[PDB]
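Student: experimental coordinates follow, after the sequence.
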Amino acid sequence: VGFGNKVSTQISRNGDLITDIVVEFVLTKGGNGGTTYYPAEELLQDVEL
Amino acid sequence: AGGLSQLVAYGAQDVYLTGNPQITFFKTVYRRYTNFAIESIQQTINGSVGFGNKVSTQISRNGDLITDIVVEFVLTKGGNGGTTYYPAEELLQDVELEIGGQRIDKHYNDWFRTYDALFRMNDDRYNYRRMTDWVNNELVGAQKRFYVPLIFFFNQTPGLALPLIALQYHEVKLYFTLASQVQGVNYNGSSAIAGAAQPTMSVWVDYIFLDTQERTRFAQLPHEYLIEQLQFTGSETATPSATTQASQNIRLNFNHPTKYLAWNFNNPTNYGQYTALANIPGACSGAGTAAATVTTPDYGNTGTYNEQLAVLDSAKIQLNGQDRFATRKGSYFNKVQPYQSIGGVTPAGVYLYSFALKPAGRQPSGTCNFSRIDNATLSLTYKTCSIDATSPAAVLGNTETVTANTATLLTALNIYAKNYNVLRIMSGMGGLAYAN
Amino acid sequence: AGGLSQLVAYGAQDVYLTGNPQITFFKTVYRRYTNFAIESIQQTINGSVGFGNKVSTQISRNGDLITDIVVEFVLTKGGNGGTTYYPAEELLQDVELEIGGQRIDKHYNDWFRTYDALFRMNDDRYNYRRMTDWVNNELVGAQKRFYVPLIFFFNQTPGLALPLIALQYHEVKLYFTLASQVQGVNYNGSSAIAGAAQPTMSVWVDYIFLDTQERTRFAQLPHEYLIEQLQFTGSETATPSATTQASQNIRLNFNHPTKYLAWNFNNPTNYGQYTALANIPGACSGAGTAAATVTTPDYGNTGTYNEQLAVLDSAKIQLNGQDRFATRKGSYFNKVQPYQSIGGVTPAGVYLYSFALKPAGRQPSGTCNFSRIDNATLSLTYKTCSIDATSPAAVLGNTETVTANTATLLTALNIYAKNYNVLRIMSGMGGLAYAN
Amino acid sequence: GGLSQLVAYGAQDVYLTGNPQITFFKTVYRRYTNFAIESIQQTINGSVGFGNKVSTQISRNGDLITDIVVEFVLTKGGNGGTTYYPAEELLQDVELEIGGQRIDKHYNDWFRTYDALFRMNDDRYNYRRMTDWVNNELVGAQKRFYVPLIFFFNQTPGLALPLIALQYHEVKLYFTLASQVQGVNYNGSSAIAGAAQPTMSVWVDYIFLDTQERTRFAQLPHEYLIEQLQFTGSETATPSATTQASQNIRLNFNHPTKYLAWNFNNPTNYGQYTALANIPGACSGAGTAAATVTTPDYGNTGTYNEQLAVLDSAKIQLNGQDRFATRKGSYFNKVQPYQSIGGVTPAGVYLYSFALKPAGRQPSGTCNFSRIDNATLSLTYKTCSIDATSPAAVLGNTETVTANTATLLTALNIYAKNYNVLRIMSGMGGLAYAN
Amino acid sequence: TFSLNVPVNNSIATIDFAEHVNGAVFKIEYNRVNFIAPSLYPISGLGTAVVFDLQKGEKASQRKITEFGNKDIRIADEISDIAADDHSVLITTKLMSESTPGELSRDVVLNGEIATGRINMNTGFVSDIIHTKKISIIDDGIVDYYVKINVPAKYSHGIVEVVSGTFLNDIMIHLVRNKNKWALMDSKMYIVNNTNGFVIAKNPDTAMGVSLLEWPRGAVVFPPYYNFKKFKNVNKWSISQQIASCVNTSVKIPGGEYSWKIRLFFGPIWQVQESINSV
Amino acid sequence: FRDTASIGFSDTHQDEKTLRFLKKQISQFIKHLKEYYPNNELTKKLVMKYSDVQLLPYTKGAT
């Protein structure tokens, strides 16, 4: 996991059907108030299913 | 006048060539094929990528058949011009293919280098280096994206493409071990390069997508694939200094029908060095000048064609106590066997003896069934290492039975054999037919 | 002992190699062929031959089949060694093939350069260079007779030889538009060379004369030839010198089953210049000395293998909005595809993506039929052109996403599509089965 | 992804995918008879040395005999660059005899012509490694050389000679070993004192078959598509100055011929097919004050500078009528090997083919000179007016002129390669037709 | 591997099931009509306190390839009746309910792999066609028997019934499809009844009736193809339909499942004439 | 004076059609998913692509 990296996951068949998917990210802000604009969304550059 | 003058000049001696003909090749009929498409899809690597680390990549089942697989590396050079020698395949220390838990093949970095030196030829070999080395005198700090195509039994022959659509029950994956030291990138000789970047790897697989009827046929029918394997166990050399002509008797632990027996002798410190180092232009760092040393190669020219710097004097293969063929000199295995069988040029230090008429070919053409031989031994006689490597007068003008004093550094003995086996695909499960 | 100790080492694991044998390698029966003869004769060139002139050649019915065609040139250069770069084919800027009023193909000098830079490989290309250039360091005033073979569908293999015998009522013609400028002969860059002579041209055509029995069938029966076509239109692109990594969507207009897409980025003022010029050896005129000028190539060494002088960072092909494959970096198309598909080395700046397993062959091996695709796009990503071309420390000592400032001149984009069509022959009339 | 290309399927595909006959992802390999290959040394009958003639008789160790390599051990008498193909230079005449009948004969110059035309790419470099010193080896260097033979049965297993089928006939090779070999025992015409005599051995690989096929070879009659070489030398008509000499060579060839190849050479210097000139690699000392255009810089004897070659044009005429219209010499050096071989040819070596694939063995067109009364090769020479010692004139002139030193190319070698039929039955062999 | 070169031969008849699974013991009876159904082979005999054979089973068979119209060549049988004890036949399912048995079984090559004639027939004993046996007895004494085959897109010669009647089947009566009369014809003693033969019964005193219900034919577009069905009775009862004698018009077969519906019944001639009154 | 029976104006074998002609073929063949149908129907697809002819008779007086 990291900046510019491509990772994936295989959904474990623990249950019968899949509904919501929530991606957790932990980020540290390097700037002052107002220097970010949805940085967890910018980081989620793309997703293929 | 013209061609008509020889067509009318027809007689009895022409019948064997043109009488009652079977073909006219000026009307070539091409065979209609099965609709397919080729796609390059990126794989996800499991495990941390790094020097000395082992990672695995499981092939995502996006298509029907697999043909080539290319490992992509991004490297930053830690040295300057001539400090690297195929670093991309040195980094790719080894790869193995596992089908459902059963390993089929295992390649090592020096095999990739041997293969490239022995079977890949002409512009192709040069292009291979372009993909795996720095070839335009690039300087320190340069970044280059490298590609190392894999050479398993299915990678370069579409006819043996791995039938994933027919392995419904088995995982197909490759394991990758990356070298801890790469000359000119992570280490310069045995000294670490401060600040060297960690190369990034990505593994790409080229998929074949089939149309309607053929996909059905591949998925529901059993398959019998004739495949290739690489057999390898490493050993150590017995390279003498002065007055002694060494001879080793290495009992081979190979099994199964093979195409050939190939070997080289390696300097474990200098990857790709299969010959001695001598103060000859292009052979050593500083060669030809007062700064010349014969302990450090000119790495960008590690490989040579001057057999005078070779360590092997003569060799034979013996089977069950009796000679397989009569004793031949070392130069026979470096130049004549590949001439008679591959059609390329083999550099000094790489030696081949074939059991096949076309060992480079996919079509079986002769073999050696090691599982039916009680004792297969490779006998290697070495050159006396009495030439002072620093004196061109002695290096470029001595007898055939001597080599450089620096040849004693080729302490690793690498003997390889390339196999036949059969890959059975039945009810979505794969495995090889023959054990050993 | 020897061969018999090997021969008897037979087992169960040999059943799939030598059991119930089908062939023997040591007795070949050779097929008898329809008797024929080959002639090489001159055709009449209609029109004045010279720089910038348009002439045509009508192929006289001197025989039954047409195979190769070689166009002769005699030029005298006004420059010393290194001032020319394939001048014989630069002149041959546009050759159009007409059969029955219909255009069958059109090749450009840039295509001859791409083909030579992509499918002609090894010793064959060295020869081609001596066929089209001054190679052995000829000086000002040297005269050379050049041979430029044409590579239309019937020019390389007799299998698609063109049957005039079966085209009794349709004439076959070649149109030759010749370049107004040839580097080193009448211009040195933009500077005219005073006193330069006009080229002399002769077109030679190879005829096959068949025996009586088969040639009768040729004249009377219908034929269907599966032949290659070239489809082309040029475009324009741009790459900034700094702060931005450019992207551009190139809109393609191709039809019919396609073997491959190949392309380059050219500097229109210097024929075959597909990479940046720089003050490094062979990369510009005067390189390595105080006189080095990165705006002018050291022409005879225009082709390089240094990918860092190329402008393409990555490319993707999209068909009807769908990703045809996942984005690959530029070195994939310059080095890995020709490795997989051809087996030779493609100079930097020339790119190939194949749809075919063996595009170098004529047996169809996989095609993309652009007849069902509404909009095919080649998505290009360009390198930042921020390196000062005159400073080797940065030209050979930098990252993969940046190239030299002289790359901004590679503004001409030339995308070639190699396709299939079928040339039908009946009752003296010829024509392509699908017209697009 | 790739599915999108399968979706884009159209009418134009009826010719490409309709009712498939093959697929590229399911290859079926043909099973082959069990055999083994072995390397066995033959004994040389005679005294080996410079100028001596020796022979060897084939020992019937196996069922078929296929690939013969003659090994030489030489000591060079000069420094790097003083030698040029010394192993095949020594291997002057190789005569092939099967059952008392002459079948073929090759010469050292043919081995160089063949290497100049048909052997190409890394295989030609490797050939040079087997026949020369290519790593700038100095005086006293000792090296083992390999000169593979190129008879009809040597390059493809399909024409291997079935000794088991020839139990009543002798198979022999005669070897003439050259008296003068450049850089080994002579430097030009000057003897090298203390030069060692050569050591020679002949190695050949045998084919051993299992019971069923060796029986078929032993009992059934066979025919092989044997190829043969025809050669007689003649003199050149190289002019000095102001004239382009004409010459008409009356040819003495017969049988269905694949191609005709020829060269112009200096009989003193093996492989010299071009004039010497004071340009890089074209003569001894070239580019320096010590340069001379009477002696080559031997290791670089072969060049591609056709302006040093003497053929301005050539035409072949059959029975009084021209076979093709006159072509300039560069056509036969650059275009015919391009069309037919797809390799390179050095300056001074020329090829014209009747065959479309002469490098192959399956017939692809022949001219049968057994049915032709008059076969003549017409030559036009270049005027030999350029001062060889001035690179400004050597590298700065027209196509119809060459170096004044070209007048040394006094020997003309025209080779013809053709088809015959080799018959073998009841233990004995011979040709179906010989002319 | 064919395109459009097949006729439209409409498989008008089909068989399905609505019964349960049973093992290796069977006995079907309803309103005095008994059916003898051993596990050694499905159908042995039937009747009302009578038998019509002691040993022969009522097998069906198919000849996939005709060599030249020879008999006992490439005949794939439902029952391994040659051994008459070792039921070496693979059975797919054994469905039944009282009065209504069913079965699906895989056929065998009567000669196995052995070249009992000129050439080898096959490589194995068991072949690739599944047959169907559906029997339903009705309260009125009429029993419907259905047969199915599955041919892999080839023309063939199929035999819907192979039945052996006791010697007490000397008197035969049949109705002509044109309603001419119920003819008592036996004088040939080699009886072949083409389309015009509407219904047949053998009646020394108690009749065994056979009335055909359905048989596939090319009648959707009435193609000029070969679709002929006939009855044979030459001291042995055989119902067969021919598609092609080695080749016909060089046209192939779609390869679907074709089946036949035959109505069997018994009783005195009076009950016969009343049942077949509807024509 | 010049015998050239054919004009040579891309008439004779050249199929000038817009790829929408595929609908014309689907109507004749009835089924539209012809991504795969043409692979099993080669003989019919080739017949649909061959020509029809008109002839130009003239008679001259013999001498």
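Tutor: Okay, I see it. Numbers count the residues shown, from 1 in each chain, chains lettered A, B, ... in the order given.
Student: residues contacting the closest residue to chain B within chain A?
Tutor: When CB to the nearest CB is the measure, chain A has its nearest residue to chain B at residue A:8, with 4.6 Å between them. Any C-beta I mention is one placed from the backbone N, CA and C, and that applies to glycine too. Contacts were defined as CB atoms under 8 Å, 6 or more residues apart in numbering or on different chains; by that measure residue A:8 touches residue B:44.
Student: just confirm it is within a strand.
Tutor: No: assessed by DSSP: H, G, I helix; E, B strand; the rest coil, residue A:8 does not belong to a strand; its assignment is coil.
Student: over to it: give its phi and psi.
Tutor: Note on residue A:8: its backbone torsions stand at phi -150, psi 170 [degrees, to the nearest 10].
Student: so how far is chain D from it?
Tutor: Here the criterion is CB to the nearest CB, to the nearest Å. By it, residue A:8 lies 16 Å from chain D.
Student: which one is the residue in the stretch 151-279 of chain E that chain C sits nearest to nearest to, not counting chain neighbours?
Tutor: Closest approach between the stretch 151-279 of chain E and chain C, counting by CB to the nearest CB: residue E:250, at 24.3 Å. Sequence neighbours aside, residue E:5 is the residue nearest to residue E:250 in space, at 7.9 Å (criterion: CB to CB, 6 or more residues apart in numbering or on different chains).
Student: go on, residue E:209?
Tutor: If you skip the residues right next to it in sequence, residue E:209 has residue E:201 as its closest partner in space, 4.1 Å away by CB to CB, 6+ apart.
Student: the residue of chain A found nearest chain E: how many residues sit nearby?
Tutor: Sorted by distance to chain E under CB to the nearest CB, the residues of chain A start with residue A:16, at 30.8 Å. Neighbour count of residue A:16, defined by other CB atoms under 10 Å in any protein chain shown: 5.
Student: I'd say residue E:219 and residue E:11 touch.
Tutor: No: applying CB atoms under 8 Å as the test, residue E:219 and residue E:11 come out as separate, 11.8 Å apart.
Student: dump the residue contacts of residue E:92.
Tutor: Applying CB under 8 Å, 6+ apart to residue E:92 gives the contacts E:104-106, E:130.
Student: 10 Å instead, please
Tutor: In this structure, residue E:92 makes contact with E:103-106, E:130-132, judged by CB atoms under 10 Å, 6 or more residues apart in numbering or on different chains.
Student: stretch F:36-44: end-to-end distance?
Tutor: 14 Å (CA to CA, to the nearest Å).
Student: any part of that stretch near chain C?
Tutor: No: taking CB under 10 Å from any CB of the partner chain as the criterion, stretch F:36-44 and chain C are apart, separated by no less than 11.5 Å.
Student: residues in contact with that stretch?
Tutor: Under the criterion CB under 10 Å, 6+ apart, external residues in contact with stretch F:36-44 comprise B:32, B:34-35, B:211-214, D:6, D:9-11, D:13-15, D:17-20, E:1-5, F:22, F:25-26, F:28-31, F:34, F:45, F:48.
Student: is it true that the residue of the stretch 151-279 of chain E closest to chain C touches residue E:2?
Tutor: No: counting by CB atoms under 10 Å, no contact exists between residue E:250 and residue E:2, whose distance comes to 11.0 Å.
Student: the more surrounded of these two?
Tutor: residue E:2 (14 against 7).
Student: how much space is there between the nearest residue to the more buried one once chain neighbours are set aside and residue D:99?
Tutor: Ranked by CB to CB, 6+ apart and with sequence neighbours excluded, the top spatial neighbour of residue E:2 is residue E:252, at 5.0 Å. Applying CB to CB, to the nearest Å, the value for residue E:252 to residue D:99 is 59 Å.
Student: for residue E:138, same thing?
Tutor: Separation of residue E:138 from residue D:99 (CB to CB) stands at 92 Å.
Student: one more: residue E:254?
Tutor: From residue E:254 across to residue D:99, the span is 66 Å (CB to CB).
Student: again with residue E:150
Tutor: Here residue E:150 is placed at a distance of 66 Å from residue D:99 (CB to CB).
Student: try residue F:19
Tutor: According to CB to CB, residue F:19 stands 68 Å off from residue D:99.
Student: quick revisit: is it true that the residue nearest to residue E:250 touches residue E:251?
Tutor: Yes: using CB under 10 Å, residue E:5 is in contact with residue E:251, at 5.5 Å.
Student: which one's more surrounded, the two?
Tutor: Comparing residue E:5 with residue E:251 by neighbour count (other CB under 10 Å), the higher total belongs to residue E:251, at 16 against 12.
Student: show me what residue of chain E gets nearest to chain F.
Tutor: When distances are taken as CB to the nearest CB, chain E reaches nearest to chain F at residue E:3, 4.7 Å away.
Student: what's the separation between the spatially closest residue to that residue that is not a sequence neighbour and chain C?
Tutor: Leaving aside its sequence neighbours, residue E:3 sits nearest to residue F:41 (CB to CB, 6+ apart; 4.7 Å). As judged by CB to the nearest CB, residue F:41 and chain C stand 17 Å apart.
Student: how about the residues of chain F near chain C?
Tutor: Taking CB under 10 Å from any CB as the criterion, the neighbours of chain C within chain F are F:3-19, F:22, F:35, F:46, F:49-51, F:53.
Student: and the next helix or strand past the helix or strand where residue E:106 lies?
Tutor: Taking DSSP states H and E as the definition, one finds residue E:106 inside strand E:100-109. Remark: after strand E:100-109, the chain's next helix or strand is strand E:126-137, criterion DSSP H and E.
Student: packing partners of that following strand?
Tutor: Under the contact criterion of 3 or more CB pairs under 10 Å, 6 or more residues apart in numbering or on different chains; DSSP states H and E, strand E:126-137 touches strand E:28-30, strand E:33-36, strand E:59-63, strand E:75-77, strand E:91-97, strand E:100-109, strand E:142-150, strand E:257-267.
Student: go through that strand and flag the buried ones.
Tutor: Under the neighbour-count criterion of 16 or more other CB atoms under 10 Å in any protein chain shown, strand E:126-137 has E:127, E:129-137 buried.
Student: put the alpha carbons of it into PDB.
Tutor: What follows is strand E:126-137, C-alpha atoms only, in PDB (Å, rounded to 0.1, in the frame of the first residue of the first chain):
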ATOM      1  CA  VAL E 126     -20.500 -49.400 -24.500                       C
ATOM      2  CA  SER E 127     -21.600 -46.800 -27.100                       C
ATOM      3  CA  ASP E 128     -22.700 -43.200 -26.900                       C
ATOM      4  CA  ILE E 129     -26.500 -43.300 -27.400                       C
ATOM      5  CA  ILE E 130     -29.100 -43.200 -24.700                       C
ATOM      6  CA  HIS E 131     -32.400 -45.000 -25.100                       C
ATOM      7  CA  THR E 132     -35.800 -44.500 -23.400                       C
ATOM      8  CA  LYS E 133     -38.400 -47.000 -22.300                       C
ATOM      9  CA  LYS E 134     -41.700 -45.500 -21.100                       C
ATOM     10  CA  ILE E 135     -44.700 -47.700 -20.500                       C
ATOM     11  CA  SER E 136     -48.100 -46.600 -19.300                       C
ATOM     12  CA  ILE E 137     -50.900 -49.100 -18.900                       C
END
